[PDB]
Number of protein chains: 2
Amino acid sequence: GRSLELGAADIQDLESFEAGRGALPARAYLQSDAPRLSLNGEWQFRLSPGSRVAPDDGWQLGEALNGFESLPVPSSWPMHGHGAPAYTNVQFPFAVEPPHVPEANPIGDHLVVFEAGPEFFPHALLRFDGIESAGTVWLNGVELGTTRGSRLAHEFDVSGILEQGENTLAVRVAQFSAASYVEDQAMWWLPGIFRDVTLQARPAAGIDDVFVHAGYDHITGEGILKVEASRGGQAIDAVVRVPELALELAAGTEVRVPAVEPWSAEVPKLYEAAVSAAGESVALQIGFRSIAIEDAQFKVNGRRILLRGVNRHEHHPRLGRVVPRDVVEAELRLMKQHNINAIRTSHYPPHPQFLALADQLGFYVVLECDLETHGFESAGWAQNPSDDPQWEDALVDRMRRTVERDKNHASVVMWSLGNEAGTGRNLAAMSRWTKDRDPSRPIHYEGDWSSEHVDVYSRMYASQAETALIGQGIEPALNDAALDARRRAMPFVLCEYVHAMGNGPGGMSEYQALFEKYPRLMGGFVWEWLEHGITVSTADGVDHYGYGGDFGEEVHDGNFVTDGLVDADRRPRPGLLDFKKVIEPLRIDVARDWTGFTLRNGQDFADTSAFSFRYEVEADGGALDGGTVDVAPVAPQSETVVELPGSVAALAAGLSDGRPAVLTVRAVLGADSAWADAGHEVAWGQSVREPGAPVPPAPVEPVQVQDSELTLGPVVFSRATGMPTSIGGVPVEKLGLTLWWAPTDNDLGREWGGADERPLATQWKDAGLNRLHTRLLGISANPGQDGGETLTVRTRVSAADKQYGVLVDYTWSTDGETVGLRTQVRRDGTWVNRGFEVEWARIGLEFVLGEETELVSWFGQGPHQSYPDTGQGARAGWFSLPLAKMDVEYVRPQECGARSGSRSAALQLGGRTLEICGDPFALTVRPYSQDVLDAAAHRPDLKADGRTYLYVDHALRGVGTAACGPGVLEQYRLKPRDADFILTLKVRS
Amino acid sequence: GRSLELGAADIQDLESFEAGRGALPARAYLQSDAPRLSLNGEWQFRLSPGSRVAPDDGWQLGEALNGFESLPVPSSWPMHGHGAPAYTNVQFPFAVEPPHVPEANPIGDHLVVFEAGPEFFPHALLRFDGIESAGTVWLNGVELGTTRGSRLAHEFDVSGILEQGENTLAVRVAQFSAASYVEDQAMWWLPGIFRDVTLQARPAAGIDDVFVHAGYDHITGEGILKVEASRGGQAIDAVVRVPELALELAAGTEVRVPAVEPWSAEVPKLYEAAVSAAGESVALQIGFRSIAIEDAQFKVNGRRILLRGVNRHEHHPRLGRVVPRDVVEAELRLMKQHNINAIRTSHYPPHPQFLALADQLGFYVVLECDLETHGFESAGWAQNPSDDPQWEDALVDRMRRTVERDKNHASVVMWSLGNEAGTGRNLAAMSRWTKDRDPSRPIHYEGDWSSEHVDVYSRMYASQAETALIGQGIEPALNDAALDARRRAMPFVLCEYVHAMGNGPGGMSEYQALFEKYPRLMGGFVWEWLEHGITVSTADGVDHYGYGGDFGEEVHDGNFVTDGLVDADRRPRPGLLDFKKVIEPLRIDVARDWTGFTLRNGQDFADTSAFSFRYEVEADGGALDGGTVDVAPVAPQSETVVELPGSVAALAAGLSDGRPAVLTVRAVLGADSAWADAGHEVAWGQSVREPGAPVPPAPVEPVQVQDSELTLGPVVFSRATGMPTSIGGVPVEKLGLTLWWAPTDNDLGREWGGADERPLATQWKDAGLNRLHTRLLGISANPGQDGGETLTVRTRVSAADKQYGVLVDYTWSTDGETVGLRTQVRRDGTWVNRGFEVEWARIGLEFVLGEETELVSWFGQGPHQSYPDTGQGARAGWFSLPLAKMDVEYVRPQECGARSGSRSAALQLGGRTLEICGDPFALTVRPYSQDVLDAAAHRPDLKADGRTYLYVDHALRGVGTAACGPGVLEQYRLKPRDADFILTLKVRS
Ligand SMILES: OC[C@H]1O[C@@](CO)(O[C@H]2O[C@H](CO)[C@@H](O)[C@H](O)[C@H]2O)[C@@H](O)[C@@H]1O
Ligand SMILES: OC[C@H]1O[C@@](CO)(O[C@H]2O[C@H](CO)[C@@H](O)[C@H](O)[C@H]2O)[C@@H](O)[C@@H]1O
Ligand code: NA
Ligand code: NA
């Protein structure tokens, strides 16, 4: 018959296998003295739900617009009430049938009016630095072309189309296209023109592209300089000036500079330079460095380097994929302030402005092409575009635009073909193209474990164990002897590791020890830098972050989008505090006798001259001694023993026995830097003079007996339950054993290996650990001292429908001033459920106090939380915080806020102070219960109930990274066992 | 030191392994002419949360009661705002550590005042017919004893304690005791004095116990009568009178009555009798029947019987375990009215009054002892009381009281030791005791598959397949040759089968065919008769049933308590309608030529004389012919061919071709009976003259084209979606393919076998079947007839993140009056997800109409729902119901209401009528969407939205019984396939 469907031509274009049409050749992002007009500002915007109902009403001419409204550009339009964000991890949000697109496909018509002065004639262009995902461009009604590659730049020649005076730019943006099948990053799906739109004049005799080659000969100190310049793709005459180095040379020739200060993340030396032609000049920052793989090590400027990296997505909790420049500068400074030295642009090229900042502040950058076909894995990679020859030109284009834009920046030390895109012919073509075009940077790609087309062996979330076998070069061989030989000669990098989702990450230290031990290990990049939380303001409410599912998604992946070291507003999570410590570039081992400290320079190039070394002895009531010690500069990878002043050692020696004292040695910045002010802490070490164990009280007060109550000094017990009802007047609503905590995100992760594939959280629910019950066995008052008496309360703890349990005996003693509490724990029966051993989250006590706590003070590790396999950033000392500040504002509330390694603690309830002491314990204080915490999906769900939930733990479980990667390591797991521990309690005024 | 805990003595008694103390010997429940005073009425009640805080304030004396309030007795106290019900299936609600009890243990102090006249002196007793679970009894302050066995009777001698005039009865009831470990029935946990409390005078020279022995010699017709009578446990002189049989004999002698009419469930002949002594006389109903196992068949009165049974719990949606007598009489009549002939008192003895009703109405009863230790299975039966010698006396006591109470009733044909209590020495002791005491009734117990201590082989939920191997005597052998030999000589019964939870049960017919084919198969008892729904009235609302979890339970099992053939108010579920048909005692096969019908008498004893056989020919507009045919009585298990009047056959022959007509032959009661009025339908059969397929309309109307709309006769299409937007003025908001339905309770059940252990509902969610999306491929108007045109709309249906899909092509045609719709379905790709083939719930269409439907009429199967493996009770005919009555009020809303086998349908939306015809299809109409249905946990969650959701299915899946037992049988499963089907639509006035 004949087709009657609508929009078939618009759809046919969206389903195209090809790159965008009509665009100028890909080139570098260059600072040019050519006239430019940024068209950023308030545009006009119309949204349609699909191509078949996108109007063809001549809107491109900007005349008589109906349905258009104001919208900022650049922008991610769902961040402005036009639709909503949608998060999927691996899942595609549309049926998988490439190259077809769903009928529900938001279409965004953009339009802006602007004026073009005579300086933009006769030749100019329009530059688009990012359009997600498919754009069509008209200028004054004539089509310029289309864009493919959402995070890549497109330029369109407007000569003869741009008219002097007023002009109308019209861009139609479709959210979904065939390109969506290759942009499946675990991300918020956010359409829009989300990066700059610029009008640029192109004068005659100008410069289109530049290719800086700045090598370094580390033997001679020579810099190897060659700056190419082209116009229309052809080499052209141009002069290269580098004033600081007394250099005038022509573009296209290679010279040897006798002496250059090499560039590195530690010392990011940049020489200002200009390459100029008659009609145009462009400014450049040149960093001399050479990259090479040698003896299975990734070496820069002749030395193996250690990558202390993070995975950086581009996200802003209000603007989506638009990251304001001042937030970029801030977050990169925050990285430096936490000893980070490397960045992977997961999983697409960043904003062009990012590259210069990385050059200046100092980061080894893995710049990654915009490619990910993850969602094809669930079907065994059938139809994977990475191996579909029809996608070759589209994927080579993505790699070309990636490389051409940023090829001049010294901070880029690796090109990455993409992420989690399988294996395929098109990936090899992208590698073949990159190796030919820019052989000065090694190629990275984790998705092909055989590593056939790369120069480094990359993996994500490989266990500490496998990492140690790789570091020794004894990993299992590949079937192909030749490929195995190639890969074994490669250095190894973890492009993603220690997944930082929620409470965690655990096991960072074990990775780091391997990084330091095995040169083949290049280091790793944490997943990930930031949480992609989106700010939602509650009706009649405060703000909170929303994640997957909180925006009406039919298909989503929950809070896996919030899996970062900082929150969306760049506030650190405890994991960043620990990370900073783990990757600290210096090691300070303070001598036990306080006579000195061993200092190892862990940096790769710089000495210790930039650091001032300070010490302080702190005690119960403030600092006792402190100052600065001068340290002869220590070479990279060298060690020395630094003497401390005799007054410090003499102080420790003369310290009365049992008095706590902490010696802390810090390496701070001796002077301001581009990323921190002087005195910023870089590394630290400590030696602690522990306090003696608290003497148990003498049991001189006897037990006392009423019909329904018992009294033993300051403690009142309920004769029915045997549990205290008050201590020093503080009401005790409950006291019992704890074996469970509100599951972390990691506990909700499935722990692979072994026949048990339930997450730990599910193992606990099945075992009934969240619903413990206690039965009283007996109460007995026993003879103490000088007529006094101890009180022993025997109980058994278990759960409904379970035969296993634990016998808990509480022995109380008092001298009227302080209470002595001995808890003894003993296993009864075999702790097996559903064929698998039950594991405990902890061995502790929960005190529920009938009054609110305003302040928590303790001596131990702090100020932030610490768990068995975390808390590296928690140092020994005295701390004190308001109850609200003890918590951690994770987006999905979960177990957090424990303070491991506490020797003493003090809770201030109103006018009174409850003091806990005894053998080391973990401390947690909350204004709500564990069941409220576990039930809470968002922070607003946390409601204080006027009580205080005090948790004192004799043993804790680790937190691991089971949400993605290794679970809790063996040494940190907690199997049911017998245990016993003492405490001493006291209430004042 | 010394114990300081409270309540230790009260707890020590609750933890006792022994039976109740101080009670009189167990005996029969006897109707006696001795004076009696029922103490039922308004008592005074105080509730304490545990033994340690249960006051010892002399309350037993009834003087100066504080904290007491009014409470009815008998009662289940949580049904009156004192605590709340709690439902667990297998789980114990308390830690499993027998014989210990939790600290949270409601204690119910009961107290009543009453007057004792001179007739209760010098000797009387107090009778308690049920106390859950542990009772202590005081009369005027002196302790009588304690009760153990919650559903068993206890009697306490009050001679010398009962004082003439006013007396005070005091009973302390603890919910939980050591006896809870053996009362783990899948049930609402409901403490209280829930059965009668009676004061009985015991005159001298009276009668304490009686043991009727009424056998039947089926060869001679002789009745074998021996009535024992005892006092204080000793045989006594007494006279036995049976007037109808002209009998005077002494108690203790066995006589041979020359001729008796034997007792059976079909013919429950009962002879009134009295056994009397000087001081007392007791009235008895005697039914002569003998029970024997012979040739591996369970025979009564010389013939193998077929059990058409149900499992009867005792529950009332407002009174808990208290079942008012008028509800007992009603529900038992309802059973008879649905061809049921057997009852298992799952899993405890019923109220004593139940036994006489079973004798009179006619049920083969399996009377089950109060014993279940199910909750010990999860620990491998460790500590199972059934094998703990310390529990022997307690369990033998339970069996003794069970047997002694009901040993006189002819309806009891089996003693059952308990339910799901494992194997053990104490079960053997209970069997040894019963076999000695009453050898006239075989012993039943499913929990020991070896069947070492039973006389019948019993299983629950054995598949149809295994049942067929057992019926043939070829099941796998037991390791012990001797035990195997014993069990192979046993008949086989299904004490529980075709789990009737929610939509279902499917597969009933396949079981029944085996019951009829293999004599060794005794039949089966459906699980279960009733749902244990509890009525909750919403604040400012209507009532609805609550189930597990709806009462604050920490540990519960959800709606598994609502798994019955009738709801808690005894309203039938569709499953009972199908069950009645499946077990109908006669088979009527109507001849195709309407000349007659084959009649098989499926009863075991009775002929067909009690039934009148009626026929009716019904057509489009009412009945055309009908009457009664006289049938010579047909013997049990015999057949005959019954001629119909020639007018019926002549009517079919002269019927115009294509006209529908239905001949129905019914067997109704010729006269009133004790359980139904005359004309009650017992069995039926049918022969249908099918209507010819509807001629497709001639495609003479052409297609019409506007910018955004298409019109083809009465249909308007959206040119963008290709889907109709209106038909005859009726708005069509959506039209699409369906492959999914809101999971039934069975679909939420895990289907064992094969590597896929996900419930079908989970297989569907993972596959995305609930979230289908459609993409338009093209629209094409093609040449029809005489200038007209057909319209073909090509689509593809799939789900996000999936590569498999289905191509759906809609071809429309019209002649202006009726619309022709041809749907073609074709698989695209392999329908595999997570390594397992995806199965479909259906192949159909969902019409969403923008107006409400008030009436649904159809020709097909009805009036109630029918699915591929159900609907046996749905007969062919013409039906018409209001939209609300098309639904099924399952407690947890779920898929239901489909009408399979529909030839035509008519929806009345306001003033207009939408007519659907075509090849047979399934019909469903709802005022809400599937997603609302699936999300609804309770019926109030179902909100009408002003639309009509019309479902027309070409193929449906079965419903099975996967919630517990077999899933959907192979012949009823629905695997992805190609399919095509036609429909014709029409709208009038
Ligand atoms: O170094 C040249 C100097 O001139 C500026 C400002 O006038 O740019 C001009 O010079 C260009 C050639 O370099 C001409 O195209 C044109 O006259 C104008 O752009 C600066 O950009 C630059 O510092
Ligand atoms: O058959 C006796 C007749 O008497 C009643 C009513 O008076 O009961 C009485 O007779 C009993 C002996 O059967 C005596 O214990 C006493 O006189 C009194 O219970 C009826 O029960 C019965 O029909
Ligand atoms: Na890792
Ligand atoms: Na069954």
# chains A, B, ... in the order shown; residues from 1 in each chain; ligands from 1
$ interface_residues --of "chain A" --to "chain B" --cutoff "7 Å" --atoms "only C-alpha atoms" --output "tab-separated table (two decimals) with N, CA and C atoms, in the first residue's frame"
chain	number	residue	atom	x	y	z
A	1	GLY	N	0.81	-1.20	0.00
A	1	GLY	CA	0.00	0.00	0.00
A	1	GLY	C	0.85	1.26	0.00
A	2	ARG	N	0.98	1.87	1.17
A	2	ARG	CA	1.90	2.99	1.35
A	2	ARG	C	2.05	3.25	2.84
A	3	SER	N	3.23	3.73	3.22
A	3	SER	CA	3.49	4.06	4.62
A	3	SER	C	2.57	5.19	5.08
A	4	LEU	N	1.99	5.02	6.26
A	4	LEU	CA	1.18	6.06	6.88
A	4	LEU	C	1.76	6.55	8.20
A	5	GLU	N	2.86	5.97	8.67
A	5	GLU	CA	3.44	6.36	9.94
A	5	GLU	C	4.13	7.71	9.83
A	6	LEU	N	4.25	8.38	10.97
A	6	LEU	CA	4.83	9.72	11.04
A	6	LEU	C	6.26	9.67	11.57
A	52	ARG	N	7.85	11.27	16.32
A	52	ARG	CA	6.64	11.24	15.52
A	52	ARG	C	5.68	12.38	15.84
A	53	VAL	N	5.90	13.10	16.94
A	53	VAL	CA	5.03	14.21	17.31
A	53	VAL	C	5.87	15.46	17.57
A	91	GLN	N	21.77	-1.77	33.26
A	91	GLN	CA	20.57	-1.88	32.44
A	91	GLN	C	20.47	-0.75	31.43
A	92	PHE	N	20.09	-1.10	30.21
A	92	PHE	CA	19.56	-0.11	29.29
A	92	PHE	C	18.14	0.25	29.71
A	93	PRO	N	17.74	1.52	29.64
A	93	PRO	CA	16.35	1.89	29.92
A	93	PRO	C	15.40	1.66	28.76
A	94	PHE	N	15.87	1.07	27.67
A	94	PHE	CA	15.07	0.82	26.49
A	94	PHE	C	15.34	-0.60	26.01
A	95	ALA	N	14.38	-1.14	25.26
A	95	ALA	CA	14.56	-2.46	24.67
A	95	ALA	C	15.85	-2.51	23.88
A	96	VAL	N	16.58	-3.62	24.01
A	96	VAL	CA	17.87	-3.78	23.35
A	96	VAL	C	17.62	-4.40	21.99
A	97	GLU	N	17.65	-3.57	20.95
A	97	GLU	CA	17.48	-3.99	19.57
A	97	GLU	C	18.18	-2.97	18.68
A	102	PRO	N	13.31	3.75	21.28
A	102	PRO	CA	11.92	3.60	21.74
A	102	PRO	C	11.05	4.74	21.26
A	103	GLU	N	9.73	4.50	21.30
A	103	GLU	CA	8.78	5.54	20.93
A	103	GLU	C	8.79	6.70	21.92
A	375	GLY	N	25.59	-2.89	28.72
A	375	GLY	CA	24.29	-3.52	28.70
A	375	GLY	C	24.15	-4.70	27.75
A	719	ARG	N	13.75	-6.39	89.45
A	719	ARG	CA	13.87	-7.75	89.95
A	719	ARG	C	13.27	-8.77	88.99
A	720	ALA	N	12.37	-8.34	88.10
A	720	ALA	CA	11.75	-9.26	87.15
A	720	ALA	C	12.69	-9.57	85.98
A	775	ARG	N	16.07	-14.56	77.54
A	775	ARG	CA	15.37	-15.23	78.62
A	775	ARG	C	16.24	-15.18	79.87
A	778	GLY	N	18.47	-16.80	85.91
A	778	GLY	CA	18.56	-16.69	87.35
A	778	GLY	C	19.27	-15.41	87.73
A	779	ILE	N	19.00	-14.97	88.96
A	779	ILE	CA	19.68	-13.82	89.56
A	779	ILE	C	20.25	-14.27	90.89
A	780	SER	N	21.49	-13.89	91.16
A	780	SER	CA	22.18	-14.37	92.35
A	780	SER	C	23.09	-13.27	92.89
A	781	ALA	N	22.94	-12.97	94.18
A	781	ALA	CA	23.79	-12.01	94.87
A	781	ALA	C	24.85	-12.78	95.65
A	782	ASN	N	26.11	-12.53	95.34
A	782	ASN	CA	27.22	-13.33	95.85
A	782	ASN	C	28.13	-12.49	96.74
A	798	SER	N	18.76	-15.59	72.06
A	798	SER	CA	18.53	-16.37	70.86
A	798	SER	C	17.51	-15.61	70.00
A	799	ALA	N	16.87	-16.32	69.07
A	799	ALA	CA	15.84	-15.73	68.24
A	799	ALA	C	14.76	-16.77	68.00
A	800	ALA	N	13.56	-16.29	67.70
A	800	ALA	CA	12.43	-17.19	67.49
A	800	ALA	C	12.75	-18.20	66.40
A	801	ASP	N	12.37	-19.45	66.63
A	801	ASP	CA	12.49	-20.55	65.68
A	801	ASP	C	13.92	-21.06	65.54
A	802	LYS	N	14.85	-20.58	66.37
A	802	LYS	CA	16.25	-21.00	66.30
A	802	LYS	C	16.62	-21.78	67.55
A	803	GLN	N	17.45	-22.81	67.37
A	803	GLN	CA	17.94	-23.60	68.50
A	803	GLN	C	19.28	-23.11	69.02
$ residues_around --residues "residue 919 in chain A" --least-positions-apart "3" --cutoff "9 Å" --atoms "only C-alpha atoms" --output "JSON, numbers by chain"
{"A": [693, 694, 902, 903, 904, 954, 981, 982, 983]}
$ write_last_selection --atoms "N, CA and C atoms" --output "compact mmCIF listing (two decimals), in the first residue's frame"
# COMPACT_ATOMS: atom_id res chain seq x y z
N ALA A 693 44.90 -0.14 82.43
CA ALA A 693 43.53 -0.61 82.52
C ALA A 693 42.88 -0.06 83.78
N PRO A 694 41.59 0.26 83.76
CA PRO A 694 40.95 0.82 84.96
C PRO A 694 40.77 -0.26 86.02
N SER A 902 38.43 2.74 71.41
CA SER A 902 38.20 3.73 72.46
C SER A 902 38.62 3.15 73.81
N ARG A 903 39.41 3.92 74.56
CA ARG A 903 39.79 3.54 75.91
C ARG A 903 38.83 4.10 76.95
N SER A 904 38.24 5.26 76.70
CA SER A 904 37.33 5.89 77.64
C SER A 904 36.32 6.72 76.86
N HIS A 954 32.71 -5.08 72.24
CA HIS A 954 33.98 -5.73 72.50
C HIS A 954 34.66 -6.17 71.21
N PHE A 981 34.49 -9.53 78.61
CA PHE A 981 35.06 -8.19 78.66
C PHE A 981 34.52 -7.43 79.86
N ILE A 982 35.34 -6.51 80.37
CA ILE A 982 35.03 -5.72 81.55
C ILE A 982 34.76 -4.28 81.14
N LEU A 983 33.90 -3.62 81.91
CA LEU A 983 33.68 -2.18 81.79
C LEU A 983 33.57 -1.59 83.18
$ closest_atom_pairs --of "chain A" --to "ligand 3" --cutoff "12 Å" --atoms "only C-alpha atoms and all ligand atoms" --output "JSON lines"
{"residue": "A:459", "atom": "CA", "partner": "ligand 3", "partner_atom_place_in_ligand_line": "1 (Na)", "distance": 9.6}
{"residue": "A:460", "atom": "CA", "partner": "ligand 3", "partner_atom_place_in_ligand_line": "1 (Na)", "distance": 6.8}
{"residue": "A:461", "atom": "CA", "partner": "ligand 3", "partner_atom_place_in_ligand_line": "1 (Na)", "distance": 3.6}
{"residue": "A:462", "atom": "CA", "partner": "ligand 3", "partner_atom_place_in_ligand_line": "1 (Na)", "distance": 5.9}
{"residue": "A:463", "atom": "CA", "partner": "ligand 3", "partner_atom_place_in_ligand_line": "1 (Na)", "distance": 6.2}
{"residue": "A:464", "atom": "CA", "partner": "ligand 3", "partner_atom_place_in_ligand_line": "1 (Na)", "distance": 7.6}
{"residue": "A:465", "atom": "CA", "partner": "ligand 3", "partner_atom_place_in_ligand_line": "1 (Na)", "distance": 10.8}
{"residue": "A:466", "atom": "CA", "partner": "ligand 3", "partner_atom_place_in_ligand_line": "1 (Na)", "distance": 10.7}
{"residue": "A:467", "atom": "CA", "partner": "ligand 3", "partner_atom_place_in_ligand_line": "1 (Na)", "distance": 9.7}
{"residue": "A:493", "atom": "CA", "partner": "ligand 3", "partner_atom_place_in_ligand_line": "1 (Na)", "distance": 11.6}
{"residue": "A:494", "atom": "CA", "partner": "ligand 3", "partner_atom_place_in_ligand_line": "1 (Na)", "distance": 8.0}
{"residue": "A:495", "atom": "CA", "partner": "ligand 3", "partner_atom_place_in_ligand_line": "1 (Na)", "distance": 9.6}
{"residue": "A:496", "atom": "CA", "partner": "ligand 3", "partner_atom_place_in_ligand_line": "1 (Na)", "distance": 6.7}
{"residue": "A:497", "atom": "CA", "partner": "ligand 3", "partner_atom_place_in_ligand_line": "1 (Na)", "distance": 3.3}
{"residue": "A:498", "atom": "CA", "partner": "ligand 3", "partner_atom_place_in_ligand_line": "1 (Na)", "distance": 3.6}
{"residue": "A:499", "atom": "CA", "partner": "ligand 3", "partner_atom_place_in_ligand_line": "1 (Na)", "distance": 5.8}
{"residue": "A:500", "atom": "CA", "partner": "ligand 3", "partner_atom_place_in_ligand_line": "1 (Na)", "distance": 9.0}
{"residue": "A:501", "atom": "CA", "partner": "ligand 3", "partner_atom_place_in_ligand_line": "1 (Na)", "distance": 11.3}
{"residue": "A:504", "atom": "CA", "partner": "ligand 3", "partner_atom_place_in_ligand_line": "1 (Na)", "distance": 11.5}
{"residue": "A:505", "atom": "CA", "partner": "ligand 3", "partner_atom_place_in_ligand_line": "1 (Na)", "distance": 8.8}
{"residue": "A:506", "atom": "CA", "partner": "ligand 3", "partner_atom_place_in_ligand_line": "1 (Na)", "distance": 9.2}
{"residue": "A:507", "atom": "CA", "partner": "ligand 3", "partner_atom_place_in_ligand_line": "1 (Na)", "distance": 8.2}
{"residue": "A:508", "atom": "CA", "partner": "ligand 3", "partner_atom_place_in_ligand_line": "1 (Na)", "distance": 8.2}
{"residue": "A:509", "atom": "CA", "partner": "ligand 3", "partner_atom_place_in_ligand_line": "1 (Na)", "distance": 11.3}
{"residue": "A:510", "atom": "CA", "partner": "ligand 3", "partner_atom_place_in_ligand_line": "1 (Na)", "distance": 10.5}
{"residue": "A:511", "atom": "CA", "partner": "ligand 3", "partner_atom_place_in_ligand_line": "1 (Na)", "distance": 8.3}
{"residue": "A:512", "atom": "CA", "partner": "ligand 3", "partner_atom_place_in_ligand_line": "1 (Na)", "distance": 11.2}
{"residue": "A:523", "atom": "CA", "partner": "ligand 3", "partner_atom_place_in_ligand_line": "1 (Na)", "distance": 11.5}
{"residue": "A:524", "atom": "CA", "partner": "ligand 3", "partner_atom_place_in_ligand_line": "1 (Na)", "distance": 8.9}
{"residue": "A:525", "atom": "CA", "partner": "ligand 3", "partner_atom_place_in_ligand_line": "1 (Na)", "distance": 9.3}
{"residue": "A:526", "atom": "CA", "partner": "ligand 3", "partner_atom_place_in_ligand_line": "1 (Na)", "distance": 7.9}
{"residue": "A:527", "atom": "CA", "partner": "ligand 3", "partner_atom_place_in_ligand_line": "1 (Na)", "distance": 8.4}
{"residue": "A:528", "atom": "CA", "partner": "ligand 3", "partner_atom_place_in_ligand_line": "1 (Na)", "distance": 11.1}
{"residue": "A:960", "atom": "CA", "partner": "ligand 3", "partner_atom_place_in_ligand_line": "1 (Na)", "distance": 9.4}
{"residue": "A:961", "atom": "CA", "partner": "ligand 3", "partner_atom_place_in_ligand_line": "1 (Na)", "distance": 7.0}
{"residue": "A:962", "atom": "CA", "partner": "ligand 3", "partner_atom_place_in_ligand_line": "1 (Na)", "distance": 9.1}
{"residue": "A:963", "atom": "CA", "partner": "ligand 3", "partner_atom_place_in_ligand_line": "1 (Na)", "distance": 10.1}
{"residue": "A:964", "atom": "CA", "partner": "ligand 3", "partner_atom_place_in_ligand_line": "1 (Na)", "distance": 7.4}
{"residue": "A:965", "atom": "CA", "partner": "ligand 3", "partner_atom_place_in_ligand_line": "1 (Na)", "distance": 5.0}
{"residue": "A:966", "atom": "CA", "partner": "ligand 3", "partner_atom_place_in_ligand_line": "1 (Na)", "distance": 6.2}
{"residue": "A:967", "atom": "CA", "partner": "ligand 3", "partner_atom_place_in_ligand_line": "1 (Na)", "distance": 9.3}
{"residue": "A:968", "atom": "CA", "partner": "ligand 3", "partner_atom_place_in_ligand_line": "1 (Na)", "distance": 11.3}
{"residue": "A:969", "atom": "CA", "partner": "ligand 3", "partner_atom_place_in_ligand_line": "1 (Na)", "distance": 11.7}
$ atom_distance --atom1 "CA of residue 147 in chain A" --atom2 "CA of residue 235 in chain A"
27.1 Å
$ residues_near_ligand --ligand "ligand 1" --cutoff "12 Å" --atoms "only C-alpha atoms and all ligand atoms" --output "VMD selection string"
chain A and resid 31 to 36 119 to 121 200 to 207 238 to 239 241 274 to 283
$ select_by_dssp --residues "range 754-872 of chain B" --states "alpha helix (DSSP H)" --output "list in words"
residues 760, 761, 762, 763, 764, 765, 766 and 767 of chain B
$ closest_residue --among "B:413, B:682, B:262, B:248" --to "residue 291 in chain B" --atoms "only C-alpha atoms"
B:413
$ atom_distance --atom1 "CA of residue 989 in chain B" --atom2 "CA of residue 914 in chain B"
9.8 Å
$ residues_around --residues "range 617-628 of chain A" --least-positions-apart "5" --cutoff "7 Å" --atoms "only C-alpha atoms" --output "number ranges by chain"
A: 660-664
$ select_by_dssp --residues "range 630-787 of chain B" --states "strand (DSSP E)" --output "VMD selection string"
chain B and resid 639 to 643 661 to 669 681 to 689 704 to 705 709 to 712 715 to 718 724 to 727 730 to 738 772 to 783
